[PDB]
Amino acid sequence: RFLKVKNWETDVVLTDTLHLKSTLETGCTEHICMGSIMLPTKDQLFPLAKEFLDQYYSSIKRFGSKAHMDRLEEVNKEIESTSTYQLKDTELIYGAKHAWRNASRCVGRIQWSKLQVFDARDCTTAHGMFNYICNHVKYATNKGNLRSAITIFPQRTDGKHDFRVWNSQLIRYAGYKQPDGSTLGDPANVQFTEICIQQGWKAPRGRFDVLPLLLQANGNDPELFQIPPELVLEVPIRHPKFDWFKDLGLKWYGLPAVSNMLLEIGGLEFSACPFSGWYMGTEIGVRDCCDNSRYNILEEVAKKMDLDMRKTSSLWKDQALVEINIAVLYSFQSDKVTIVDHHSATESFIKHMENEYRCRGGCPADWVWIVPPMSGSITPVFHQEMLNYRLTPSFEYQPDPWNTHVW
Amino acid sequence: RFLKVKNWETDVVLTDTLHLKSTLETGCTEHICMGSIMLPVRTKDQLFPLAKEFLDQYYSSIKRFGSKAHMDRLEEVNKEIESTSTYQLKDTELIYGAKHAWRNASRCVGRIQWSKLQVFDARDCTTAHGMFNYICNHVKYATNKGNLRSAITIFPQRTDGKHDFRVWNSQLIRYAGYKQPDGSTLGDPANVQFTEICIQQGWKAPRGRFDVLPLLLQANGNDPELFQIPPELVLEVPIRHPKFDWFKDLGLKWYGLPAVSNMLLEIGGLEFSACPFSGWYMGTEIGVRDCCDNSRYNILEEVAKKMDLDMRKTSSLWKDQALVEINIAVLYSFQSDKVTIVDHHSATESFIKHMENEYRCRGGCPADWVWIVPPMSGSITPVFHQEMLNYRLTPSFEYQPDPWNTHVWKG
Ligand code: HEM
Ligand code: HEM
Ligand SMILES: Cc1cc(N)nc(COc2cccc(OCCCN)c2)c1
Ligand SMILES: Cc1cc(N)nc(COc2cccc(OCCCN)c2)c1
Ligand SMILES: C[C@H](O)[C@H](O)[C@H]1CNc2nc(N)[nH]c(=O)c2N1
Ligand SMILES: C[C@H](O)[C@H](O)[C@H]1CNc2nc(N)[nH]c(=O)c2N1
Ligand SMILES: [Zn+2]
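Listed in order, the protein sequences are those of chains A and B. Residues 299 to 338, 350 to 716 (the deposited numbering) are what the first sequence spells out, left to right. Residues 299 to 338, 348 to 718 (the deposited numbering) are what the second sequence spells out, left to right.
Spelled out as structure tokens, the structure:
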């Protein structure tokens, strides 16, 4: 019932009790582990509310108090009458920060308690959504000194009036099929780009076209808005020793902002909850730049470096990968845009894990996602056993809207 | 039931049905995933079902399921169990069993090779001296002057758990580690505890940085005995770099033969507690883990120093740069000495082709992502983007307690 995790580099053993509070399921059974799979009424709602409020009143050291009982009563009354309830500001803020705290795939959680929460529950139209989002972008960007933020649109009602941001991240590059057979821009975004074109977007058809936002209010048809170009901070990618690197013409955006997830707090579902922090370098340099299905630049870099590309065993891919990653970090640092390297981020996460075990009795973590996509075992997280389980409040995946929406 | 896995780079989707034959537990439940946890005397009552499951698999593999030969063998084994409480495998069954334990090893990236395994049947062995001779022969055969051949040697099975055959070494070839009074370590820090046992048992330690450890061998539940492997049988590779001439002066070398000796082979309910097996290295096992783990030879600093990298901040990626150079050196050295080695790109590419073949012909391939993905350059190998299913099939290799923790000393 009480589970141990061991770090194999330091011999440190921690005991997890927090997992006994887990509510959602993992995908795994006693016969099969699905650890590497990417995507595995009134009656239900009051239990979920009580569970949340119980944890909230516990957190402010007021469990079993008058105010605790009074709120449980109030929310009970409200669900009985209206079939839903509204969070107090304090509850919403606590809930958002805890969804981040519980995000088992996030290495950056040492930061969880410093999250600026923008309450957009008063929003009613797509134009309002656009206004809130520009404000979030500008606040979070802060001229390169990035601050973590989330903007929370109105909660699901009957599911026919959902707020959604159709974009997967607030800031991303277009992707286009070429008559050439190849792909121009970001190949991950071809489908969404086509939907944008279909909804009317005049596509520039370049390599780094920032996508417009496709916003849906109150379950209405989504509408198009261009983020003011002056609010989208981008960084030209250059290398501190290779003068030719800049001639590749690469750049990336400074603000990582996930917009397609669902925030569940005390049974309530917030289907539009864009959130942002700052990048870990490998996200851009390993994944964005080097994935086969992404910008896929390894061959070009290796050629300019004049590496022996004859045989895999010269490790030319590995050498080119490291240099691309050096260039990403150097370019962000030179332009003074917050970025963390994988060594510093994983060291921080180990400290955070130790804090959470000491202070909460555990930390759900998904090793498959926490370990960086390069140089795994020279980071301390590689040697750290982790237990993965689902706690609420939480961020969840949800179906892409174009499959769900009735026009 | 059907389970689908997706490759996120190629969009290829595979369907697993083989998981339906899984038996042993994973450690996970619907409430917790234990996928990154490293370590998650029978009754005749349990034994016959296990024997029968095995013999049914074996007889199906030779296209004789339900034949007279299959039935007679079931009968013969059943009678042996009720009369002697155990049974003996035929040579053919032992070979099939050992190959399949490798085929079923979900943490092994090298499984494309599973059908090419030389099986040495050491079930007639009775003494520690006998064990030493068997292991020397295995080492010489497998080494084959650098043209490495996979092999396993199988000592007598467990009887009552009081007469176990065991190789106390975790691997047949490993370097000693010595803790100094000032707290520093000479040699391999992973092997300090075991080195101390060897010394205690009477080994004369040369006390250098690369001393090949003696074998400590237990036959039939007796106290283990020390033996030195003839040095001429121990193939080693000096590590040098193709461009950096100062690399050789680090004084590094590694042995060519990776040979695991501390695992337990289960076939048809029988337990082979001494079953050393060997293949050839993937470069990262030496260049990433052995050379660069903080708790191993830990050479990253010295290498980056000699490369004159900016070491004042981690964000220069000096560790990553030195890491690649060290791995280049290991592959270069082995290749130059004509000692079999595979790089992590080649190995993972071959693993994906193997995995796809297994899905098509066998209905699945249990694989542990956490172990399959190499410890450097993860996402530029094809396994990183491959969804995998992890489950336990028998025959299998299993961990077992270290024998120094369980052995009853005779004196
Ligand atoms: C402050 C700096 C932050 C860093 C350095 C960071 C780091 C990361 C990284 C590297 C990942 C894996 C991303 C990938 O490989 O695609 C991740 C996942 C995630 N992070 Fe963060 N994070 C940060 C802030 C945040 C914030 C502010 C939130 C929410 C309030 C958050 C919630 C998540 C979630 C839910 C995931 C998993 C999402 C998914 O499954 O796709 N993180 N984080
Ligand atoms: C032929 C060349 C082979 C290569 C390149 C290879 C590759 C690997 C690698 C890289 C690992 C992970 C090692 C680690 O991180 O400690 C591994 C694990 C393993 N392989 Fe192999 N393998 C080979 C042959 C074999 C053979 C011959 C067997 C047994 C017959 C085998 C069974 C295993 C098992 C059971 C594990 C899990 C080990 C453990 O849990 O400690 N492999 N393989
Ligand atoms: C807030 C934040 C900061 C940061 N440095 N990185 C991230 C990236 O997190 C995500 C969020 C959503 C999706 C994602 O990619 C993989 C999921 C594809 N199905 C990755 C998010
Ligand atoms: C046969 C074989 C070939 C090859 N290339 N690599 C292996 C390594 O497998 C092992 C065996 C024993 C232990 C291990 O990892 C844990 C380290 C504890 N000594 C990993 C085995
Ligand atoms: C199949 C596998 O689950 C998939 O490639 C995962 C592996 N680990 C990851 N880790 C992070 N941080 N981000 C990812 O997108 C992935 N992809
Ligand atoms: C804690 C974690 O399970 C542990 O460090 C694992 C991770 N992946 C590994 N992968 C391989 N091949 N070998 C290992 O020893 C490990 N160690
Ligand atoms: Zn699992």
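Backbone N, C-alpha and C fix where the C-beta goes; we use that ideal spot for every residue, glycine too.
Residue contact with chain B for residue 698 of chain A: present (Cβ-Cβ distance below 7 angstroms to some residue of chain B). Contact between residue 449 of chain B and residue 564 of chain B holds: their C-beta atoms lie close to 6 angstroms from each other, under 8 angstroms. At a cut-off of 7 angstroms between beta carbons, residue 650 of chain B contacts chain A. Take residue 670 of chain A, set aside five residues on each side of it, and the residues of its chain with a beta-carbon closer than 7 angstroms to its own are 314, 315, 316, in chain order. In the DSSP secondary-structure assignment, residue 473 of chain B is bridged to B:525. For the 7 angstroms CB-CB criterion, residue 460 of chain A and residue 583 of chain A form a contact. Inclusion of residue 628 of chain A and residue 690 of chain B in the CB contact set at 7 angstroms is not warranted, their separation being larger than that value. Taking the beta carbon of residue 642 of chain A as reference, the chain B residues within 8 angstroms of it are 622, listed in sequence order. Here the C-alpha atom of residue 413 of chain A lies approximately 19 angstroms from the C-alpha atom of residue 575 of chain A. Between residue 591 of chain B and residue 634 of chain B, the beta carbon gap of about 6 angstroms places them in contact (Cβ cut-off 8 angstroms). If you check the CB distance, residue 334 of chain A and residue 694 of chain B come in under 7 angstroms.
Neighbours of residue 691 of chain B in chain A, taken as residues at a C-beta separation under 8 angstroms, are given in chain order as 682.
Beta-bridge pairing by DSSP links residue 585 of chain A to A:458, A:566. Rounded to whole angstroms, the gap between the alpha carbons of residue 327 of chain A and residue 601 of chain A is 33 angstroms.
Between residue 661 of chain B and residue 306 of chain B, the gap from beta carbon to beta carbon reaches 7 angstroms or more. Taking a cut-off of 8 angstroms on C-beta distances, the region 700-711 of chain B does not touch the region 369-382 of chain A, as fewer than three cross pairs fall below it. With contacts defined as CB atoms closer than 7 angstroms, residue 388 of chain A and residue 394 of chain A qualify as a contacting pair.
Annotation: the continuous alpha helix (DSSP H) that includes residue 499 of chain A extends over 499-508. Residues of the region 660-676 of chain A that bring their beta carbon within less than 7 angstroms of a beta carbon in chain B comprise 676, in sequence order.
Between ligand 6 and residue 334 of chain B, a heavy atom-to-CB distance of less than 6 angstroms is present. Annotated three-state conformation of residue 331 of chain A is strand, per DSSP. Residue 448 of chain B sits in a helix when the DSSP states are folded into three classes. DSSP, read as helix, strand or coil, puts residue 640 of chain B in helix. Assignment of beta-bridge partners to residue 705 of chain B by DSSP yields B:571. The three-state reading of DSSP puts residue 315 of chain B in coil, since its state is none of H, G, I, E or B. Taken in chain order, the whole alpha helix (DSSP H) runs of length 4 or more contained in the region 353-439 of chain A are 375-391, 398-410. Burial check for residue 553 of chain A: the Cβ neighbour count within 10 Å stays below 16, so the residue is exposed.
The beta carbons of residue 419 of chain B and residue 657 of chain B sit closer together than 7 angstroms.
At a cut-off of 7 angstroms between beta-carbon atoms, residue 638 of chain A makes contact with chain B.
In the three-state DSSP reduction, residue 441 of chain A falls in the helix class (H, G or I).
Of the residues B:644, B:379, B:352, the one whose Cα lies closest to the Cα of residue 362 of chain B is B:379. In this chain, the beta strand (DSSP E) harbouring residue 544 of chain A covers 543-545. With distances taken between CA atoms, residue 528 of chain A lies nearest to A:472 out of A:514, A:472, A:580.
Straight across, the Cα-Cα distance linking residue 643 of chain A with residue 570 of chain A is about 32 angstroms. An exposed status is given to residue 300 of chain B, since fewer than 16 other beta-carbon atoms sit within 10 Å of its beta-carbon. Under the three-state reduction of DSSP output, residue 716 of chain B falls in the coil class, being neither helix nor strand.
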